[PDB]
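Colleague:
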Amino acid sequence: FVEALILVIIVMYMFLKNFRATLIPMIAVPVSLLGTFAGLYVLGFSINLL
Amino acid sequence: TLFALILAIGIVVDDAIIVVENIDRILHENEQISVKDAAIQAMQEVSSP
Amino acid sequence: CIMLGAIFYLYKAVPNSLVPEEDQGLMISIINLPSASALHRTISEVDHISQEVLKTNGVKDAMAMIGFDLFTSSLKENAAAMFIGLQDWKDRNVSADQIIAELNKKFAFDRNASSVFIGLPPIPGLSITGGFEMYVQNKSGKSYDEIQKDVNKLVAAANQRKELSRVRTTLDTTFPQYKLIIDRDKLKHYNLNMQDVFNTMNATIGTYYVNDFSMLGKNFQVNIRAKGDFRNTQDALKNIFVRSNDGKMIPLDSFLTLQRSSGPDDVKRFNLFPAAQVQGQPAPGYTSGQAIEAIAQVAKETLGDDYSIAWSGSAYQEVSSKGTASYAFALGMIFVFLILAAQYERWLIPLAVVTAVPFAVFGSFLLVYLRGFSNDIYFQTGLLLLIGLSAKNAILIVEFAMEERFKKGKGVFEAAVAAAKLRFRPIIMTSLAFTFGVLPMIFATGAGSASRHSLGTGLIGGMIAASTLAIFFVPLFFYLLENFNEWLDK
Amino acid sequence: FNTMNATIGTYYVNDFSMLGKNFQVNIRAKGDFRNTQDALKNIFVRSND
Amino acid sequence: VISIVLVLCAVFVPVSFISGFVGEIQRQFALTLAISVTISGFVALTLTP
Amino acid sequence: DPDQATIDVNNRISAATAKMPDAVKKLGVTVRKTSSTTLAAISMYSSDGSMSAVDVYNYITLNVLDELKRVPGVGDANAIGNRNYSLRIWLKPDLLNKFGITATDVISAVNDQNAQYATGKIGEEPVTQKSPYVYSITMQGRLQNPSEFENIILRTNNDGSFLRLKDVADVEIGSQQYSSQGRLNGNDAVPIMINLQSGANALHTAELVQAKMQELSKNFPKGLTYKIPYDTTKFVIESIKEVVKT
Amino acid sequence: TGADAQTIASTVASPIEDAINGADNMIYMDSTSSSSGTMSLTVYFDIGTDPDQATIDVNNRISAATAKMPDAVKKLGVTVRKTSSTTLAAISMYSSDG
Amino acid sequence: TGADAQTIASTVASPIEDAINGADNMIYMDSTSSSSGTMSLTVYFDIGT
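In order, the protein sequence lines correspond to chains A, B, C, D, E, F, G and H. If you count by PDB author numbering, then the first sequence holds residues 346 to 395, one letter each, in order. If you count by PDB author numbering, then the second sequence holds residues 396 to 444, one letter each, in order. If you count by PDB author numbering, then the third sequence holds residues 544 to 1033, one letter each, in order. If you count by PDB author numbering, then the fourth sequence holds residues 741 to 789, one letter each, in order. If you count by PDB author numbering, then the fifth sequence holds residues 445 to 493, one letter each, in order. If you count by PDB author numbering, then the sixth sequence holds residues 100 to 345, one letter each, in order. If you count by PDB author numbering, then the seventh sequence holds residues 51 to 148, one letter each, in order. If you count by PDB author numbering, then the eighth sequence holds residues 51 to 99, one letter each, in order.
Okay, structure coming up:
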């Protein structure tokens, strides 16, 4: 998770040039994955290998 | 449930034909208006019922 | 279209598998001294095998359950199972593949006690990851010494040729026993009852549970039994007496003349009827599904008019039903086509988005062919993610091609190029942020590498061909289909 | 009680096995009496003597 | 983007309709990705812009 | 809910097995979930006449009836009459008194000479003298065929001979009970009544019944056939087709 | 306690003839009668079944199938146990040298 | 009946208590044992079961 998050940091600075642009995916990816945990919880799933 | 579906055959087409019929009225009373625009004038009349 | 045929051969020439086994620090050994045998002799061998397994540099800890055979789920005294734990992969310099190929070669071809070393499966559902587990019943009810002579027709021929290479059975009536023969004429000529003579035999050369006694709070059993030295002999029945009705004491050697015999140690009843368990696994190249279709075919041939070729284990979960794997993908495509047809407002345009999917499955089925892998289910898992991403980018491509040709008013050719020009930057930077993201799975060093070595090798080559090979043909199909759509105005 | 239940009626006793399943052994006197008063003449039971 | 969610869930949910021993494993992967596509798709057109 | 109601009755039977007669306790009060009506009724008979009637009942209690109890949805599958063969002991009060034998002598002799008891193993563990092998002990205490039952000796005569059971009784494998018979168009047939669960799908389960009967039909011996003339779900199927027509 | 496995095969034929139950439950079952003195009867239920429901169902029926049991078994005990629960961890206890 | 108040709690309540412990949604339990032969064990469960 944190590796792909850092790869996003690198790709965002290389293709757009401003650090203000790399800060926005630093809030989308945490909240999206974090919300996905709520989805897996209420729907019924549990944290396992698969 | 299968009795209600045969019951629905005569009510499902109620709203369909009640709009298609009002299209025919506008067409036989308006030589100028086109079919695509007549469907617009139809839903103006027979949407509340 | 030539690439489409390349996928048909790529799919037909890759090994159809299920899940891949991986190195999780775990070992199991099925120790089997010769039949009958004794407990102390098994102990003398358990502490001898549990000593040389600790000799290997990749072994950490071990423990055994003496006197319980896992081949039968019973506690036979002539067998034992050993649970071995390996070191951590950061310390051990070898995997369990060559350790098993070393140990099951060192022991299984030497000692009088057979010791086959294997490993626990990764997923507890399957029984032997590729083989079967079937029972053969008999409604007619025949003697076990004859059903033993009937299962031999199956197992000995199932290993001959055909499609299997190790078909086993767990039924063995050639187990040594002492059959006592009664002389009812004597037993009653001697003026005795049978409830008495066998109640006193259960208290001498058997275990007899009388009542309980109090100690430390818990109430434990008390058990009457002759001292072991006057029971280990062949005919220890010669010094056990029973009080007669008249008053005299009578030796059991008069009417109970013991004699040797053969009979099964563990009798198994599967679904109301006596049955025998059949276990095995296919040959190197044969698939699992057809291998289950192999024993079924050969058992219809070498059985009788009363033996039900019943099914259990994992081989029953696969035989249960069929007809579902297709009518789910089909409606999935229909819902995909309609979801797009409602978006693009044309019927012959969503076909452009669909065409960008065979690129993902071509690049995914190519890298798993060069590396020499098999299309398991962890690899097909990432194949779903790649179709969902390849089709996603293709939607936005055709979306901007529709926007360019009908809003900005550019021609079909100039719009099919201007759309691919717009979508080129995001498609590349997602691929570079994703291919590099799941790149640590290609060189995965640790537990669970069976998945990531096939997941990565799948969707890395798929991501390359779905965002470099694919981005050239999505505009072509828009150019072809949109021009054909405007033709239909005529 | 077990004498009347094993001569006039059917008795339970332990079971036996054949052909696979386990069936019962059942005891009842084959002496058939159209009446009943003559039955008690011929059915005996020894006492504690 | 809305069509992406309605089309990615159109490929994740169907593979969850196979009741096989293998299919019950793949239902874990698919429905997890379907929750991700829908939840991250909602975040995409609300929180991101 | 059939189960919520079932395990609510259970929590009242065990709660009230105290205010209970001791004789009913030993055989056990049984609670089960099954419909009060009958879902179907199968009939088996001999298409020629060699299988008779009481023999067909046995083919059911050996191969057929056990599999019918396991298809999904069925609640009960009893064959009426209880005409499966038992080992019958026919005493004769004449010869019982010609030899001074009361019926109780035959009761204890049969109960004792036919039972099966625990024996043990030879040379297990609390031993100091080394034992190379370890052997089990087969028993064989029951009696298989009626001839062995005739030789149950009630009394041992002082002249060496024994008063056997056959000398005062008749032994034959007959029937657990012949209190009922069965007909199907006049022919001697065995009836099997099939019940439904408490809330299953009568259409679904009763169709799986006929499918399983067809499976066991392949192993029928000689002229043993079967017909299911009573099925409360076939009317439902034939009335569903009428609505499709309508 | 004792008994040739053939005799234990005729004391499992009572629960076997009894564990034929399940409204939406049982698929098959396998019993193993052993000369070691024990008999393990494993009943498998159809996938997607409440393990508590399967346990209470098979256990409710054995209470009525105990009247036909030998006294040496009614005295010792018959036990049911759900085995679909995932096995967490194992523990080994021993005394070193001492 | 016929047992000491302490022997009832030691030989009757203990193999019961030790076997019930570990139940799902169980908070606590107590067993009163009297010389009158009665062993009353009440098992309390979590609120809402």
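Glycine is no exception: its CB is placed at the ideal position from the N, C-alpha and C atoms.
Where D755 (chain D) and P558 (chain C) are concerned, what is the direct C-alpha to C-alpha distance, given to the nearest angstrom?
Modeller: For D755 (chain D) and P558 (chain C), the distance between alpha carbons rounds to 57 Å.
Colleague: Leaving out five residues on either side along the sequence, give the residues of the same chain with a beta carbon under 8 Å from the beta carbon of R966 (chain C).
Modeller: Result list for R966 (chain C): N936, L939, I940, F943, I1014, in chain order.
Colleague: By the 10 Å Cβ neighbour count, where 16 or more other Cβ atoms means buried, how is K340 (chain F) classified, buried or exposed?
Modeller: Flag for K340 (chain F) reads exposed.
Colleague: By the 9 Å beta-carbon criterion, what residues does the region 803-819 of chain C contribute toward chain F?
Modeller: Listed in sequence order: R803, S804, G806, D808, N814, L815, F816.
Colleague: Beta-carbon of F346 (chain A) versus every beta-carbon of chain E: anything under 8 Å?
Modeller: No, no contact with chain E.
Colleague: What distance in whole Å lies between the Cβ atoms of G273 (chain F) and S185 (chain F), which are believed to be in contact at a cut-off of 8 Å?
Modeller: That pair is a contact at about 6 Å.
Colleague: Between the beta-carbon of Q720 (chain C) and the beta-carbon of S831 (chain C), is there less than 8 Å?
Modeller: No.
Colleague: Quick check on the burial criterion: 16 or more other C-beta atoms within 10 angstroms. Buried or exposed for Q820 (chain C)?
Modeller: So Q820 (chain C) ends up on the buried side.
Colleague: Within the continuous beta strand (DSSP E) that includes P458 (chain E), where are the two ends?
Modeller: Segment: none, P458 (chain E) is in no beta strand (DSSP E) and carries neither H nor E.
Colleague: Sorted by chain position, which residues of the same chain lie with C-beta nearer than 6 Å to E595 (chain C)'s C-beta, five sequence neighbours on each side aside?
Modeller: Correct list: empty, nothing qualifies.
Colleague: From the DSSP output, in three-state form, read off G925 (chain C) for me.
Modeller: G925 (chain C) falls in the helix class under three-state DSSP.
Colleague: Using the beta-carbon of each residue, which ones in chain B are nearer than 8 Å to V342 (chain F)?
Modeller: By Cβ distance, chain B contributes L397, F398, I401.
Colleague: Within 10 angstroms of the Cβ of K125 (chain F), are there 16 or more other Cβ atoms? Answer buried if so, exposed if not.
Modeller: So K125 (chain F) ends up on the exposed side.
Colleague: Which residues bound the alpha helix (DSSP H) around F872 (chain C)?
Modeller: It spans 872-887 - the alpha helix (DSSP H) in which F872 (chain C) sits, taken as one unbroken run.
Colleague: Is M438 (chain B) buried or exposed, if buried means 16 or more other CB atoms sit within 10 Å of its CB?
Modeller: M438 (chain B) is exposed by the Cβ-count criterion.
Colleague: Hey, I421 (chain B) and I428 (chain B): beta-carbon distance below 8 Å or not?
Modeller: Yes; because the gap between Cβ atoms is below 8 Å, this pair is in contact.
Colleague: By DSSP's criteria, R768 (chain D) is part of a beta bridge. Which residues make up the other side?
Modeller: DSSP lists F:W189 as partners of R768 (chain D).
Colleague: Does the distance from the C-beta atom of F675 (chain C) to that of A858 (chain C) stay below 8 Å?
Modeller: In this structure, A858 (chain C) lies closer than 8 Å to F675 (chain C) by Cβ.
Colleague: List the residues of chain C whose Cβ lies closer than 9 Å to the Cβ of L780 (chain D), in chain order.
Modeller: None at all; the shortest Cβ gap to chain C is about 30 Å.
Colleague: Strictly under 8 Å for the Cβ-Cβ distance: is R774 (chain D) near chain F by that measure?
Modeller: Cβ-Cβ to chain F under 8 Å: no for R774 (chain D).
Colleague: Inspect the beta-carbon positions of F784 (chain C) and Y733 (chain C) and report whether they are closer than 8 Å.
Modeller: Cβ distance not < 8 Å, so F784 (chain C) and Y733 (chain C) don't count as in contact.
Colleague: Relative to the C-alpha of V602 (chain C), which candidate in C:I892, C:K633, C:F614 has its C-alpha closest?
Modeller: Nearest of C:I892, C:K633, C:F614 to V602 (chain C), Cα basis: C:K633.
Colleague: With 8 Å as the threshold, decide whether the Cβ of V557 (chain C) is near any Cβ in chain E.
Modeller: No, because no Cβ of chain E sits closer than 8 Å to the Cβ of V557 (chain C).
Colleague: Can you pull the chain C neighbours of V487 (chain E), defined as C-beta to C-beta under 8 Å?
Modeller: Simply none; closest approach about 16 Å.
Colleague: May I ask which residues mark the beginning and end of the beta strand (DSSP E) holding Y144 (chain F)?
Modeller: Note, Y144 (chain F): beta strand (DSSP E), 139-145.
Colleague: How many Å lie between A622 (chain C) and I571 (chain C) at the Cα?
Modeller: Near 13 Å, if we compare the C-alpha coordinates of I571 (chain C) and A622 (chain C).
Colleague: Output needed in chain order: residues of the region 60-79 of chain H with a Cβ under 7 Å from some Cβ in chain C.
Modeller: Under the 7 Å Cβ criterion, the region 60-79 of chain H contributes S60, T61, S64.
Colleague: Should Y144 (chain F) go down as buried or exposed, given a rule of 16 or more other Cβ atoms within 10 Å for buried?
Modeller: Its Cβ being crowded by 16 or more others within 10 Å, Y144 (chain F) is buried.
Colleague: How is the beta strand (DSSP E) around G823 (chain C) delimited, first residue to last?
Modeller: Element bounds for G823 (chain C): 819-823.
Colleague: Among the candidates F:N183, F:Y216, F:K118, F:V155, whose CA atom is the shortest distance from the CA of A55 (chain G)?
Modeller: Considering only alpha carbons, the answer is F:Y216.
Colleague: How close, in whole Å, do the beta carbons of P192 (chain F) and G771 (chain D) come, if the pair is a contact with beta carbons under 8 Å?
Modeller: Correct: roughly 4 Å between the Cβ atoms.
Colleague: From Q860 (chain C) to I462 (chain E), what distance separates their C-alpha atoms?
Modeller: Approximately 13 Å between the Cα atoms of the pair.
Colleague: Go through its chain and collect everything with a Cβ distance to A488 (chain E)'s Cβ below 8 Å, but skip five positions before and after it.
Modeller: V445, listed in sequence order.
Colleague: With a threshold of 16 other CB atoms inside 10 Å of the CB of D612 (chain C), please say whether the residue is buried or exposed.
Modeller: It is buried - the Cβ of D612 (chain C) has at least 16 other Cβ atoms within 10 Å.
Colleague: In the DSSP assignment, the beta strand (DSSP E) including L91 (chain G) goes from what residue to what residue?
Modeller: Where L91 (chain G) is concerned, the enclosing beta strand (DSSP E) stretches over 89-95.
Colleague: Kindly provide the ranges of any alpha helix (DSSP H) runs that are 4 or more residues long and lie completely inside the region 713-799 of chain C, ordered along the chain.
Modeller: Counting whole runs of 4 or more residues, the region 713-799 of chain C contains the alpha helix (DSSP H) stretches 727-732, 737-744.
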